[PDB]
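To start, the structure itself, in structure tokens.
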Amino acid sequence: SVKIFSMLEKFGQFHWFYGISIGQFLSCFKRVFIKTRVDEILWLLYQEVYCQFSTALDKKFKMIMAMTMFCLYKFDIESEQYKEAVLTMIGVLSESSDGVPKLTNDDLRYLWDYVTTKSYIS
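For my numbering, add 27 to where a residue sits in the sequence shown, where the first one is 1.
Set out below in structure tokens:
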């Protein structure tokens, strides 16, 4: 929750319309319960935060937020090789770094099928 809220504040810092108050955030966190129990709560929190707050962002920032939350969840939930693959992919897409992920993990394989075919929006 702390990580997500910090991300939301950083989004708010780029435009006067994107500011996020703690009130709505805590209301969404309550909505999680209103609608591996701890894992379920965490996943529901990510889902509900995205659903409630993506409507206040534009196209570019919605995709940026989607990628950011995917990473914030998976990087700590999943193993280190998953993390390093996803980081390699963000580096490839951003044109900041080249590389080939270790694929043994079919979601990353599909993402790599996209980047190799230049299916960037995909």
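Every residue gets a Cβ at the ideal spot worked out from N, C-alpha and C, and that includes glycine.
**Message:** Taking a contact to mean a Cβ-Cβ separation below 9 Å, would you say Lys30 touches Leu114 in this structure?
**Reply:** No, the pair does not count as a contact, with Cβ atoms beyond the cut-off.
**Prompt:** Which of the three DSSP states, helix, strand or coil, is assigned to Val127?
**Reply:** Reduced to three states, the DSSP call for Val127 is coil.
**Request:** Starting from the C-beta of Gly39, find all residues in its chain whose C-beta is less than 7 Å away, skip the five residues before and the five after it, and write them out in chain order.
**Result:** So the qualifying residues of the chain are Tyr45, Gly46 and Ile47.
**Prompt:** Buried or exposed: which applies to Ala112, given that a residue is buried once 16 or more other Cβ atoms fall within 10 Å of its Cβ?
**Reply:** Buried: at least 16 other Cβ atoms inside 10 Å.
**Message:** Taking the straight line between their C-alpha atoms, what separation do you get for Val65 and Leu72?
**Reply:** The alpha-carbon separation between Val65 and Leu72 amounts to approximately 10 Å.
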